[PDB]
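Visitor: Sharing a structure here in structure tokens format.
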Amino acid sequence: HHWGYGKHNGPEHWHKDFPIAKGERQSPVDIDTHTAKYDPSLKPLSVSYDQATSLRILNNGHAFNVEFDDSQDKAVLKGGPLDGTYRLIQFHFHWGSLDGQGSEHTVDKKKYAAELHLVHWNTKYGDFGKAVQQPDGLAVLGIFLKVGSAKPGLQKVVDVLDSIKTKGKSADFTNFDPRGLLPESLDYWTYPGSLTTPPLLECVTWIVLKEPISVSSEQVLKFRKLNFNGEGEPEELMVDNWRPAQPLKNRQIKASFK
Ligand SMILES: COc1ccc(N(C(=O)C#C[Si](C)(C)C)[C@H](C(=O)NCc2ccccc2)c2ccc(S(N)(=O)=O)cc2)cc1Cl
Ligand SMILES: [Zn+2]
């Protein structure tokens, strides 16, 4: 009886094993576009992914994770609200059963079909496991997906999903360029929050891009053919792996743009 997204183990249950679920800086949140304040002191965001080294893709039973070599400064996030250098370690998505839900953040209560999280850790803490113990340990770049035109830079991900259908399966995933998943604009909202899965640690600087990327219906359909279960277990489609919006409490969402 471990955590997940079902009726019996989903987000309303997590607080029993992870009491920080009801904490002061939980994620995701609703982004109220009329309450977020433009902050002219926010520096521009620096996404430096030209030397990114992807290694592997893994079905972890919750989502699929594309992992990078983070043993040197090869793909880094800097600037915006961040002090110092954050190294890309992995990305993953959250998505829905239907096009009208799937994102974790919402924008004026609007739910997108999916959300991409590009996870980075603060290199002043030396490794990812130390960085998650610090209030400024992580920076997650959140990008919304809407269903429309295909995203060409997503298709290499979609085409490998058949090879990692079940929990615990991995596949070699070299030479993938995460620059193909970005929208044109790097305009963003930022706030202090948490991991959106157990252990729900309050270690994240959230940077959520305003502009969604477009993916095709056929692209998201292939996400929804994944399984939460292991090989040889009863099939449970990997859908609706999103945590809903948490109370904003004593926090301010800042906008990089007027
Ligand atoms: C979609 O589901 C995901 C996605 C990511 C991960 N994470 C890791 O597996 C890691 C690592 Si690694 C050294 C085995 C490559 C991150 C994670 O679990 N962080 C906690 C932790 C604590 C100590 C040591 C290691 C990890 C984590 C990171 C970001 C988020 S999110 N959704 O962006 O807020 C959540 C969890 C977990 C799940 Cl269940
Ligand atoms: Zn996530």
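The chains in the structure tokens are called A, B, ... from first to last as shown; in each chain the residues are counted from 1, and the ligands are counted from 1 in the order shown.
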With a distance cut-off of 12 Å and only C-alpha atoms, select the neighbouring residues of residue 224 of chain A, excluding the residue or stretch itself and same-chain residues fewer than 4 positions from it, and output the selection as JSON, numbers by chain.

Guide: {"A": [63, 64, 93, 94, 95, 96, 97, 98, 99, 102, 113, 114, 158, 161, 162, 165, 217, 218, 219, 220, 228, 236, 237, 238, 239, 240, 241]}

Visitor: Convert the current residue selection to file output with N, CA, C and O atoms, as a CSV table (one decimal), in the first residue's frame.

Guide:
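In the end it all went to out.csv:
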```
chain,number,residue,atom,x,y,z
A,63,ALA,N,5.5,8.1,-13.6
A,63,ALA,CA,5.7,8.8,-14.9
A,63,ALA,C,6.8,8.1,-15.7
A,63,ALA,O,7.2,7.0,-15.2
A,64,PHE,N,7.3,8.7,-16.7
A,64,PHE,CA,8.6,8.3,-17.3
A,64,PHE,C,9.5,9.4,-17.1
A,64,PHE,O,9.2,10.6,-17.2
A,93,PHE,N,7.0,14.2,-17.3
A,93,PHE,CA,5.7,14.8,-17.5
A,93,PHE,C,4.6,14.3,-16.5
A,93,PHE,O,4.8,13.2,-16.0
A,94,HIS,N,3.6,15.1,-16.4
A,94,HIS,CA,2.3,14.7,-15.8
A,94,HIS,C,1.2,14.9,-16.8
A,94,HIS,O,1.3,15.9,-17.5
A,95,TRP,N,0.3,14.0,-16.9
A,95,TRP,CA,-0.8,14.1,-17.9
A,95,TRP,C,-2.1,13.5,-17.5
A,95,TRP,O,-2.2,12.8,-16.5
A,96,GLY,N,-3.1,13.8,-18.3
A,96,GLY,CA,-4.5,13.4,-18.0
A,96,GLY,C,-5.0,12.2,-18.8
A,96,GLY,O,-4.3,11.7,-19.7
A,97,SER,N,-6.2,11.7,-18.4
A,97,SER,CA,-7.0,10.7,-19.2
A,97,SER,C,-7.7,11.4,-20.3
A,97,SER,O,-8.1,10.6,-21.2
A,98,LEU,N,-7.9,12.7,-20.3
A,98,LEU,CA,-8.7,13.6,-21.2
A,98,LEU,C,-7.9,14.8,-21.5
A,98,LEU,O,-7.2,15.2,-20.6
A,99,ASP,N,-8.2,15.5,-22.6
A,99,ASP,CA,-7.3,16.7,-22.9
A,99,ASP,C,-7.6,17.9,-21.9
A,99,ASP,O,-6.8,18.8,-21.8
A,102,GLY,N,-4.7,17.3,-16.6
A,102,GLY,CA,-3.4,16.7,-16.7
A,102,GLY,C,-2.3,17.5,-16.1
A,102,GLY,O,-1.3,17.0,-15.6
A,113,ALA,N,-3.4,19.9,-20.8
A,113,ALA,CA,-3.5,18.5,-21.1
A,113,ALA,C,-2.3,17.7,-20.4
A,113,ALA,O,-2.4,16.5,-20.1
A,114,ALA,N,-1.2,18.4,-20.2
A,114,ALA,CA,-0.1,17.9,-19.5
A,114,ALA,C,0.8,19.0,-19.1
A,114,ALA,O,0.6,20.2,-19.4
A,158,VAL,N,8.2,10.0,-27.7
A,158,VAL,CA,6.9,9.2,-28.0
A,158,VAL,C,7.3,7.8,-28.5
A,158,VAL,O,6.7,6.8,-28.2
A,161,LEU,N,8.4,4.9,-26.1
A,161,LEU,CA,7.5,4.6,-24.9
A,161,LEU,C,7.0,3.2,-25.0
A,161,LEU,O,6.9,2.6,-23.9
A,162,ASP,N,6.9,2.6,-26.2
A,162,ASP,CA,6.5,1.2,-26.3
A,162,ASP,C,7.5,0.3,-25.6
A,162,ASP,O,7.1,-0.8,-25.1
A,165,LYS,N,7.0,0.2,-21.3
A,165,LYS,CA,5.5,0.2,-21.1
A,165,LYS,C,5.2,0.1,-19.6
A,165,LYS,O,4.3,0.8,-19.1
A,217,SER,N,-2.7,15.2,-30.7
A,217,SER,CA,-3.6,14.2,-30.0
A,217,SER,C,-2.9,12.8,-30.0
A,217,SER,O,-2.9,12.2,-29.0
A,218,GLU,N,-2.3,12.4,-31.1
A,218,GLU,CA,-1.6,11.1,-31.2
A,218,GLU,C,-0.4,11.1,-30.3
A,218,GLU,O,-0.1,10.0,-29.6
A,219,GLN,N,0.4,12.2,-30.1
A,219,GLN,CA,1.5,12.2,-29.1
A,219,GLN,C,1.0,12.0,-27.7
A,219,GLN,O,1.5,11.1,-27.0
A,220,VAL,N,-0.1,12.7,-27.2
A,220,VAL,CA,-0.5,12.4,-25.8
A,220,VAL,C,-1.2,11.1,-25.7
A,220,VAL,O,-1.1,10.5,-24.6
A,228,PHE,N,1.1,2.0,-15.1
A,228,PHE,CA,1.6,2.1,-13.8
A,228,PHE,C,2.2,0.8,-13.2
A,228,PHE,O,3.0,0.9,-12.3
A,236,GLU,N,-2.9,-1.3,-15.6
A,236,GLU,CA,-3.5,0.0,-15.1
A,236,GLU,C,-2.9,1.1,-15.9
A,236,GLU,O,-1.6,1.3,-15.8
A,237,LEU,N,-3.7,1.8,-16.8
A,237,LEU,CA,-3.1,2.8,-17.7
A,237,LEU,C,-2.5,3.9,-16.8
A,237,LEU,O,-3.1,4.3,-15.9
A,238,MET,N,-1.4,4.4,-17.2
A,238,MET,CA,-0.7,5.5,-16.6
A,238,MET,C,-1.4,6.8,-17.2
A,238,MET,O,-1.0,7.3,-18.2
A,239,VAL,N,-2.4,7.3,-16.4
A,239,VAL,CA,-3.1,8.5,-16.7
A,239,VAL,C,-3.4,9.2,-15.4
A,239,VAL,O,-3.5,8.5,-14.3
A,240,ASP,N,-3.6,10.5,-15.5
A,240,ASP,CA,-4.0,11.3,-14.3
A,240,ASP,C,-3.0,11.2,-13.2
A,240,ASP,O,-3.4,11.1,-12.0
A,241,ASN,N,-1.7,11.3,-13.6
A,241,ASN,CA,-0.6,11.3,-12.6
A,241,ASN,C,-0.2,12.7,-12.1
A,241,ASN,O,1.0,13.0,-12.2
```

Visitor: Show which residues sit within 12 Å of residue 50 of chain A, as a PyMOL selection string. Count only C-alpha atoms, and ignore same-chain residues fewer than 2 positions away.

Guide: chain A and resi 46-48+52-54+73-77+88+175-180

Visitor: Save the residues we just selected, N, CA, C and O atoms, as an mmCIF file, in the first residue's frame?

Guide:
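Dumped to out_13.cif:
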```cif
data_model
loop_
_atom_site.group_PDB
_atom_site.id
_atom_site.type_symbol
_atom_site.label_atom_id
_atom_site.label_comp_id
_atom_site.auth_asym_id
_atom_site.auth_seq_id
_atom_site.Cartn_x
_atom_site.Cartn_y
_atom_site.Cartn_z
ATOM 1 N N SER A 46 18.284 32.073 -18.125
ATOM 2 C CA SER A 46 19.334 31.474 -18.973
ATOM 3 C C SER A 46 19.154 29.962 -18.992
ATOM 4 O O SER A 46 19.456 29.317 -17.991
ATOM 5 N N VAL A 47 18.648 29.411 -20.082
ATOM 6 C CA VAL A 47 18.576 27.948 -20.338
ATOM 7 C C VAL A 47 19.755 27.557 -21.233
ATOM 8 O O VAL A 47 19.753 27.901 -22.425
ATOM 9 N N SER A 48 20.784 26.911 -20.688
ATOM 10 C CA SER A 48 22.016 26.495 -21.409
ATOM 11 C C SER A 48 22.026 24.981 -21.579
ATOM 12 O O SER A 48 22.666 24.337 -20.793
ATOM 13 N N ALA A 52 23.869 19.258 -23.320
ATOM 14 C CA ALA A 52 23.068 18.292 -22.536
ATOM 15 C C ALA A 52 23.426 16.868 -22.970
ATOM 16 O O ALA A 52 23.605 16.626 -24.201
ATOM 17 N N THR A 53 23.583 15.950 -22.017
ATOM 18 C CA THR A 53 23.917 14.541 -22.323
ATOM 19 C C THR A 53 22.824 13.652 -21.737
ATOM 20 O O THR A 53 22.915 13.327 -20.548
ATOM 21 N N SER A 54 21.850 13.273 -22.547
ATOM 22 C CA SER A 54 20.760 12.369 -22.088
ATOM 23 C C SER A 54 21.321 10.962 -22.016
ATOM 24 O O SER A 54 22.262 10.627 -22.826
ATOM 25 N N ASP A 73 28.805 20.417 -15.311
ATOM 26 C CA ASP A 73 27.944 21.554 -15.739
ATOM 27 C C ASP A 73 27.773 21.507 -17.257
ATOM 28 O O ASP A 73 28.454 22.261 -17.951
ATOM 29 N N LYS A 74 26.897 20.660 -17.754
ATOM 30 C CA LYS A 74 26.719 20.425 -19.216
ATOM 31 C C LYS A 74 25.417 21.040 -19.737
ATOM 32 O O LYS A 74 25.339 21.380 -20.917
ATOM 33 N N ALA A 75 24.366 20.949 -18.947
ATOM 34 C CA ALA A 75 23.041 21.561 -19.184
ATOM 35 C C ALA A 75 22.622 22.233 -17.882
ATOM 36 O O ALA A 75 22.464 21.532 -16.889
ATOM 37 N N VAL A 76 22.576 23.538 -17.892
ATOM 38 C CA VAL A 76 22.332 24.323 -16.672
ATOM 39 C C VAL A 76 21.252 25.381 -16.914
ATOM 40 O O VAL A 76 21.016 25.866 -18.051
ATOM 41 N N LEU A 77 20.601 25.692 -15.815
ATOM 42 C CA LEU A 77 19.630 26.776 -15.676
ATOM 43 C C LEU A 77 20.206 27.788 -14.710
ATOM 44 O O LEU A 77 20.718 27.399 -13.639
ATOM 45 N N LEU A 88 20.753 20.356 -14.841
ATOM 46 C CA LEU A 88 19.662 19.467 -15.274
ATOM 47 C C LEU A 88 19.985 18.028 -14.911
ATOM 48 O O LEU A 88 21.060 17.489 -15.316
ATOM 49 N N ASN A 175 21.587 11.192 -26.802
ATOM 50 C CA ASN A 175 21.627 12.227 -27.850
ATOM 51 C C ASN A 175 20.261 12.876 -28.021
ATOM 52 O O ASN A 175 19.935 13.299 -29.104
ATOM 53 N N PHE A 176 19.461 12.964 -26.968
ATOM 54 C CA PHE A 176 18.167 13.654 -27.047
ATOM 55 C C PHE A 176 18.429 15.094 -26.624
ATOM 56 O O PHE A 176 19.034 15.310 -25.594
ATOM 57 N N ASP A 177 17.909 16.062 -27.385
ATOM 58 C CA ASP A 177 18.124 17.500 -27.134
ATOM 59 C C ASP A 177 16.881 18.131 -26.535
ATOM 60 O O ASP A 177 15.849 18.314 -27.226
ATOM 61 N N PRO A 178 16.911 18.453 -25.222
ATOM 62 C CA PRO A 178 15.722 19.010 -24.549
ATOM 63 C C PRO A 178 15.342 20.428 -25.027
ATOM 64 O O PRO A 178 14.221 20.825 -24.797
ATOM 65 N N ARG A 179 16.193 21.097 -25.808
ATOM 66 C CA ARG A 179 15.842 22.408 -26.438
ATOM 67 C C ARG A 179 14.624 22.263 -27.348
ATOM 68 O O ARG A 179 13.895 23.234 -27.510
ATOM 69 N N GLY A 180 14.390 21.063 -27.896
ATOM 70 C CA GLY A 180 13.216 20.827 -28.751
ATOM 71 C C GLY A 180 11.906 20.779 -28.000
ATOM 72 O O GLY A 180 10.867 20.626 -28.658
#
```

Visitor: Taking only C-alpha atoms and all ligand atoms into account, which residues are within 9 Å of ligand 1, as a PDB file with N, CA and C atoms, in the first residue's frame?

Guide:
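This is the output file part-v4.pdb:
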```pdb
ATOM      1  N   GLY A   4       0.260   6.602  -4.719  1.00  0.00           N
ATOM      2  CA  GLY A   4       0.099   6.748  -6.164  1.00  0.00           C
ATOM      3  C   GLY A   4      -0.949   7.776  -6.497  1.00  0.00           C
ATOM      4  N   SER A  27       3.329  22.468  -3.560  1.00  0.00           N
ATOM      5  CA  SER A  27       3.108  22.629  -4.996  1.00  0.00           C
ATOM      6  C   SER A  27       2.285  21.457  -5.525  1.00  0.00           C
ATOM      7  N   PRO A  28       1.606  21.608  -6.666  1.00  0.00           N
ATOM      8  CA  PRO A  28       1.518  22.855  -7.445  1.00  0.00           C
ATOM      9  C   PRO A  28       0.520  23.829  -6.828  1.00  0.00           C
ATOM     10  N   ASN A  60       9.049   4.839 -13.979  1.00  0.00           N
ATOM     11  CA  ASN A  60       9.248   4.619 -12.523  1.00  0.00           C
ATOM     12  C   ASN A  60       7.943   4.216 -11.841  1.00  0.00           C
ATOM     13  N   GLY A  61       6.895   3.859 -12.570  1.00  0.00           N
ATOM     14  CA  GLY A  61       5.596   3.499 -11.977  1.00  0.00           C
ATOM     15  C   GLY A  61       4.700   4.692 -11.728  1.00  0.00           C
ATOM     16  N   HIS A  62       5.219   5.918 -11.848  1.00  0.00           N
ATOM     17  CA  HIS A  62       4.447   7.188 -11.633  1.00  0.00           C
ATOM     18  C   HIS A  62       4.406   7.996 -12.921  1.00  0.00           C
ATOM     19  N   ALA A  63       5.517   8.056 -13.618  1.00  0.00           N
ATOM     20  CA  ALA A  63       5.669   8.792 -14.883  1.00  0.00           C
ATOM     21  C   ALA A  63       6.795   8.120 -15.658  1.00  0.00           C
ATOM     22  N   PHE A  64       7.275   8.712 -16.733  1.00  0.00           N
ATOM     23  CA  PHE A  64       8.564   8.294 -17.295  1.00  0.00           C
ATOM     24  C   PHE A  64       9.540   9.440 -17.142  1.00  0.00           C
ATOM     25  N   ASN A  65      10.789   9.075 -16.907  1.00  0.00           N
ATOM     26  CA  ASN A  65      11.840  10.045 -16.588  1.00  0.00           C
ATOM     27  C   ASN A  65      12.915   9.908 -17.652  1.00  0.00           C
ATOM     28  N   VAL A  66      13.287  11.008 -18.280  1.00  0.00           N
ATOM     29  CA  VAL A  66      14.504  11.050 -19.114  1.00  0.00           C
ATOM     30  C   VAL A  66      15.635  11.608 -18.276  1.00  0.00           C
ATOM     31  N   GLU A  67      16.713  10.836 -18.121  1.00  0.00           N
ATOM     32  CA  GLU A  67      17.795  11.147 -17.185  1.00  0.00           C
ATOM     33  C   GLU A  67      18.977  11.685 -17.982  1.00  0.00           C
ATOM     34  N   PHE A  68      19.700  12.617 -17.395  1.00  0.00           N
ATOM     35  CA  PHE A  68      20.898  13.260 -17.973  1.00  0.00           C
ATOM     36  C   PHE A  68      22.111  12.966 -17.082  1.00  0.00           C
ATOM     37  N   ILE A  89      19.062  17.350 -14.241  1.00  0.00           N
ATOM     38  CA  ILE A  89      19.238  15.916 -13.882  1.00  0.00           C
ATOM     39  C   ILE A  89      18.231  15.050 -14.611  1.00  0.00           C
ATOM     40  N   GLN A  90      17.011  15.554 -14.837  1.00  0.00           N
ATOM     41  CA  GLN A  90      15.996  14.725 -15.530  1.00  0.00           C
ATOM     42  C   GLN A  90      14.831  15.588 -15.930  1.00  0.00           C
ATOM     43  N   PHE A  91      14.026  15.081 -16.834  1.00  0.00           N
ATOM     44  CA  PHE A  91      12.682  15.631 -17.035  1.00  0.00           C
ATOM     45  C   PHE A  91      11.671  14.515 -17.019  1.00  0.00           C
ATOM     46  N   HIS A  92      10.440  14.921 -16.772  1.00  0.00           N
ATOM     47  CA  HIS A  92       9.296  14.030 -16.813  1.00  0.00           C
ATOM     48  C   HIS A  92       8.052  14.849 -17.072  1.00  0.00           C
ATOM     49  N   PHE A  93       6.959  14.179 -17.296  1.00  0.00           N
ATOM     50  CA  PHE A  93       5.656  14.809 -17.548  1.00  0.00           C
ATOM     51  C   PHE A  93       4.622  14.305 -16.547  1.00  0.00           C
ATOM     52  N   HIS A  94       3.562  15.103 -16.413  1.00  0.00           N
ATOM     53  CA  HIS A  94       2.298  14.689 -15.784  1.00  0.00           C
ATOM     54  C   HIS A  94       1.228  14.891 -16.834  1.00  0.00           C
ATOM     55  N   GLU A 104      -0.433  20.049 -13.483  1.00  0.00           N
ATOM     56  CA  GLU A 104      -0.390  20.221 -12.007  1.00  0.00           C
ATOM     57  C   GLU A 104      -0.626  21.680 -11.649  1.00  0.00           C
ATOM     58  N   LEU A 116       5.227  19.450 -18.436  1.00  0.00           N
ATOM     59  CA  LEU A 116       6.639  19.017 -18.470  1.00  0.00           C
ATOM     60  C   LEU A 116       7.403  19.697 -17.339  1.00  0.00           C
ATOM     61  N   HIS A 117       8.133  18.873 -16.557  1.00  0.00           N
ATOM     62  CA  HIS A 117       9.011  19.339 -15.472  1.00  0.00           C
ATOM     63  C   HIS A 117      10.440  19.017 -15.834  1.00  0.00           C
ATOM     64  N   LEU A 118      11.264  20.054 -16.011  1.00  0.00           N
ATOM     65  CA  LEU A 118      12.722  19.896 -16.195  1.00  0.00           C
ATOM     66  C   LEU A 118      13.389  20.208 -14.878  1.00  0.00           C
ATOM     67  N   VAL A 119      13.916  19.186 -14.251  1.00  0.00           N
ATOM     68  CA  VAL A 119      14.374  19.211 -12.851  1.00  0.00           C
ATOM     69  C   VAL A 119      15.857  19.531 -12.806  1.00  0.00           C
ATOM     70  N   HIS A 120      16.205  20.537 -12.029  1.00  0.00           N
ATOM     71  CA  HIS A 120      17.622  20.979 -11.862  1.00  0.00           C
ATOM     72  C   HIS A 120      17.975  21.097 -10.386  1.00  0.00           C
ATOM     73  N   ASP A 127      25.406  17.343  -4.499  1.00  0.00           N
ATOM     74  CA  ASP A 127      24.630  16.269  -5.143  1.00  0.00           C
ATOM     75  C   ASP A 127      23.138  16.500  -4.943  1.00  0.00           C
ATOM     76  N   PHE A 128      22.343  15.791  -5.730  1.00  0.00           N
ATOM     77  CA  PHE A 128      20.879  15.992  -5.753  1.00  0.00           C
ATOM     78  C   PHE A 128      20.262  15.667  -4.383  1.00  0.00           C
ATOM     79  N   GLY A 129      20.721  14.589  -3.720  1.00  0.00           N
ATOM     80  CA  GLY A 129      20.174  14.158  -2.440  1.00  0.00           C
ATOM     81  C   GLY A 129      20.458  15.198  -1.360  1.00  0.00           C
ATOM     82  N   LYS A 130      21.577  15.929  -1.437  1.00  0.00           N
ATOM     83  CA  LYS A 130      21.774  17.029  -0.464  1.00  0.00           C
ATOM     84  C   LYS A 130      20.927  18.251  -0.820  1.00  0.00           C
ATOM     85  N   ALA A 131      20.778  18.511  -2.110  1.00  0.00           N
ATOM     86  CA  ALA A 131      20.058  19.704  -2.588  1.00  0.00           C
ATOM     87  C   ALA A 131      18.586  19.646  -2.175  1.00  0.00           C
ATOM     88  N   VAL A 132      17.963  18.485  -2.099  1.00  0.00           N
ATOM     89  CA  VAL A 132      16.507  18.373  -1.764  1.00  0.00           C
ATOM     90  C   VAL A 132      16.271  18.644  -0.271  1.00  0.00           C
ATOM     91  N   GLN A 133      17.342  18.697   0.540  1.00  0.00           N
ATOM     92  CA  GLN A 133      17.229  19.066   1.972  1.00  0.00           C
ATOM     93  C   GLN A 133      17.314  20.579   2.172  1.00  0.00           C
ATOM     94  N   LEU A 138      16.464  23.021  -5.398  1.00  0.00           N
ATOM     95  CA  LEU A 138      16.038  22.635  -6.775  1.00  0.00           C
ATOM     96  C   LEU A 138      15.462  23.840  -7.516  1.00  0.00           C
ATOM     97  N   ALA A 139      15.472  23.780  -8.838  1.00  0.00           N
ATOM     98  CA  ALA A 139      14.723  24.702  -9.717  1.00  0.00           C
ATOM     99  C   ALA A 139      14.045  23.798 -10.712  1.00  0.00           C
ATOM    100  N   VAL A 140      12.718  23.834 -10.719  1.00  0.00           N
ATOM    101  CA  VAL A 140      11.956  23.070 -11.717  1.00  0.00           C
ATOM    102  C   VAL A 140      11.342  24.036 -12.711  1.00  0.00           C
ATOM    103  N   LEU A 141      11.644  23.788 -13.970  1.00  0.00           N
ATOM    104  CA  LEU A 141      11.113  24.537 -15.113  1.00  0.00           C
ATOM    105  C   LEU A 141       9.881  23.779 -15.582  1.00  0.00           C
ATOM    106  N   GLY A 142       8.730  24.405 -15.460  1.00  0.00           N
ATOM    107  CA  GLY A 142       7.431  23.802 -15.750  1.00  0.00           C
ATOM    108  C   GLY A 142       6.923  24.378 -17.063  1.00  0.00           C
ATOM    109  N   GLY A 193       8.142  26.660  -3.751  1.00  0.00           N
ATOM    110  CA  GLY A 193       7.246  25.530  -3.482  1.00  0.00           C
ATOM    111  C   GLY A 193       7.969  24.255  -3.206  1.00  0.00           C
ATOM    112  N   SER A 194       7.402  23.175  -3.704  1.00  0.00           N
ATOM    113  CA  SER A 194       7.768  21.809  -3.264  1.00  0.00           C
ATOM    114  C   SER A 194       7.877  20.843  -4.450  1.00  0.00           C
ATOM    115  N   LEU A 195       8.386  19.664  -4.179  1.00  0.00           N
ATOM    116  CA  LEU A 195       8.171  18.527  -5.083  1.00  0.00           C
ATOM    117  C   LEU A 195       6.658  18.302  -5.104  1.00  0.00           C
ATOM    118  N   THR A 196       6.117  17.839  -6.242  1.00  0.00           N
ATOM    119  CA  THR A 196       4.674  17.558  -6.342  1.00  0.00           C
ATOM    120  C   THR A 196       4.390  16.086  -6.118  1.00  0.00           C
ATOM    121  N   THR A 197       5.387  15.266  -5.844  1.00  0.00           N
ATOM    122  CA  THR A 197       5.211  13.844  -5.464  1.00  0.00           C
ATOM    123  C   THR A 197       5.840  13.694  -4.106  1.00  0.00           C
ATOM    124  N   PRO A 198       5.395  12.682  -3.337  1.00  0.00           N
ATOM    125  CA  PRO A 198       6.179  12.277  -2.194  1.00  0.00           C
ATOM    126  C   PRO A 198       7.628  12.175  -2.599  1.00  0.00           C
ATOM    127  N   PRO A 199       8.571  12.588  -1.744  1.00  0.00           N
ATOM    128  CA  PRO A 199       8.325  13.047  -0.362  1.00  0.00           C
ATOM    129  C   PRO A 199       7.911  14.512  -0.131  1.00  0.00           C
ATOM    130  N   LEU A 200       7.529  15.243  -1.194  1.00  0.00           N
ATOM    131  CA  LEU A 200       6.832  16.547  -1.085  1.00  0.00           C
ATOM    132  C   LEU A 200       7.731  17.592  -0.428  1.00  0.00           C
ATOM    133  N   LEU A 201       9.039  17.410  -0.509  1.00  0.00           N
ATOM    134  CA  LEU A 201      10.029  18.292   0.152  1.00  0.00           C
ATOM    135  C   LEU A 201       9.900  19.721  -0.365  1.00  0.00           C
ATOM    136  N   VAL A 204      11.957  23.592  -3.702  1.00  0.00           N
ATOM    137  CA  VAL A 204      11.885  23.974  -5.143  1.00  0.00           C
ATOM    138  C   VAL A 204      11.621  25.464  -5.332  1.00  0.00           C
ATOM    139  N   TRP A 206      10.081  27.192  -8.231  1.00  0.00           N
ATOM    140  CA  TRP A 206       9.261  26.916  -9.426  1.00  0.00           C
ATOM    141  C   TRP A 206       9.406  28.049 -10.433  1.00  0.00           C
ATOM    142  N   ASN A 241      -1.699  11.286 -13.563  1.00  0.00           N
ATOM    143  CA  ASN A 241      -0.588  11.256 -12.590  1.00  0.00           C
ATOM    144  C   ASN A 241      -0.202  12.670 -12.125  1.00  0.00           C
ATOM    145  N   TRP A 242      -1.180  13.478 -11.787  1.00  0.00           N
ATOM    146  CA  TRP A 242      -1.035  14.897 -11.413  1.00  0.00           C
ATOM    147  C   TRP A 242      -1.581  15.117 -10.028  1.00  0.00           C
ATOM    148  N   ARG A 243      -0.902  15.948  -9.263  1.00  0.00           N
ATOM    149  CA  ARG A 243      -1.414  16.432  -7.979  1.00  0.00           C
ATOM    150  C   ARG A 243      -2.185  17.711  -8.229  1.00  0.00           C
TER     151      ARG A 243
END
```

Visitor: Could you pull out the residues in segment 20-226 of chain A that DSSP calls strand (DSSP E) from the backbone, as a ChimeraX atom specification?

Guide: /A:30-31,37-38,45-48,54-59,64-68,76-79,86-95,106-107,114-122,138-147,170-172,188-193,204-209,213-215

Visitor: Please compute the atom CA of residue 6 of chain A-atom CA of residue 207 of chain A distance, one decimal, in Å.

Guide: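 If I compute the distance from atom CA of residue 6 of chain A to atom CA of residue 207 of chain A, I get 27.9 Å.
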
Visitor: Where in segment 12-244 of chain A does DSSP assign helix (DSSP H, G or I), given as a ChimeraX atom specification?

Guide: /A:14-16,19-22,123-125,128-131,152-164,178-181,217-223

Visitor: With C-alpha atoms retained, could you export that selection as a PDB file, in the first residue's frame?

Guide:
```pdb
ATOM      1  CA  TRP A  14      -0.351  11.365   0.995  1.00  0.00           C
ATOM      2  CA  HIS A  15      -0.393  13.435   4.225  1.00  0.00           C
ATOM      3  CA  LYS A  16      -0.648  10.219   6.307  1.00  0.00           C
ATOM      4  CA  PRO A  19       2.734  15.152   6.798  1.00  0.00           C
ATOM      5  CA  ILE A  20       4.539  18.011   4.922  1.00  0.00           C
ATOM      6  CA  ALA A  21       1.686  17.418   2.375  1.00  0.00           C
ATOM      7  CA  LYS A  22      -0.239  20.055   4.486  1.00  0.00           C
ATOM      8  CA  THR A 123      25.499  22.779  -7.612  1.00  0.00           C
ATOM      9  CA  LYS A 124      26.470  24.599  -4.305  1.00  0.00           C
ATOM     10  CA  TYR A 125      25.055  21.463  -2.501  1.00  0.00           C
ATOM     11  CA  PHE A 128      20.879  15.992  -5.753  1.00  0.00           C
ATOM     12  CA  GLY A 129      20.174  14.158  -2.440  1.00  0.00           C
ATOM     13  CA  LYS A 130      21.774  17.029  -0.464  1.00  0.00           C
ATOM     14  CA  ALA A 131      20.058  19.704  -2.588  1.00  0.00           C
ATOM     15  CA  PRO A 152       8.512  17.494 -33.559  1.00  0.00           C
ATOM     16  CA  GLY A 153      11.102  17.615 -30.715  1.00  0.00           C
ATOM     17  CA  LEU A 154       8.843  15.358 -28.604  1.00  0.00           C
ATOM     18  CA  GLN A 155       8.504  12.561 -31.157  1.00  0.00           C
ATOM     19  CA  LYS A 156      11.783  10.727 -30.233  1.00  0.00           C
ATOM     20  CA  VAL A 157      10.322  10.461 -26.666  1.00  0.00           C
ATOM     21  CA  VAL A 158       6.910   9.214 -27.951  1.00  0.00           C
ATOM     22  CA  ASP A 159       8.544   6.560 -30.192  1.00  0.00           C
ATOM     23  CA  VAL A 160      10.499   4.892 -27.300  1.00  0.00           C
ATOM     24  CA  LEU A 161       7.464   4.635 -24.911  1.00  0.00           C
ATOM     25  CA  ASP A 162       6.516   1.173 -26.334  1.00  0.00           C
ATOM     26  CA  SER A 163       9.884  -0.141 -24.988  1.00  0.00           C
ATOM     27  CA  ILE A 164       9.214   1.083 -21.360  1.00  0.00           C
ATOM     28  CA  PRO A 178      15.722  19.010 -24.549  1.00  0.00           C
ATOM     29  CA  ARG A 179      15.842  22.408 -26.438  1.00  0.00           C
ATOM     30  CA  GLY A 180      13.216  20.827 -28.751  1.00  0.00           C
ATOM     31  CA  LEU A 181      10.668  20.841 -25.884  1.00  0.00           C
ATOM     32  CA  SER A 217      -3.575  14.209 -29.972  1.00  0.00           C
ATOM     33  CA  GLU A 218      -1.564  11.134 -31.225  1.00  0.00           C
ATOM     34  CA  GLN A 219       1.473  12.245 -29.094  1.00  0.00           C
ATOM     35  CA  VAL A 220      -0.547  12.446 -25.781  1.00  0.00           C
ATOM     36  CA  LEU A 221      -2.493   9.269 -26.690  1.00  0.00           C
ATOM     37  CA  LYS A 222       0.890   7.428 -26.619  1.00  0.00           C
ATOM     38  CA  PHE A 223       1.641   8.806 -23.098  1.00  0.00           C
TER      39      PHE A 223
END
```

Visitor: Could you check the closest approach to ligand 2 for each of A:191, A:49, A:71, A:105 and tell me which residue wins, using only C-alpha atoms and all ligand atoms?

Guide: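 Answer, going by the shortest atom-to-atom distance: A:105.
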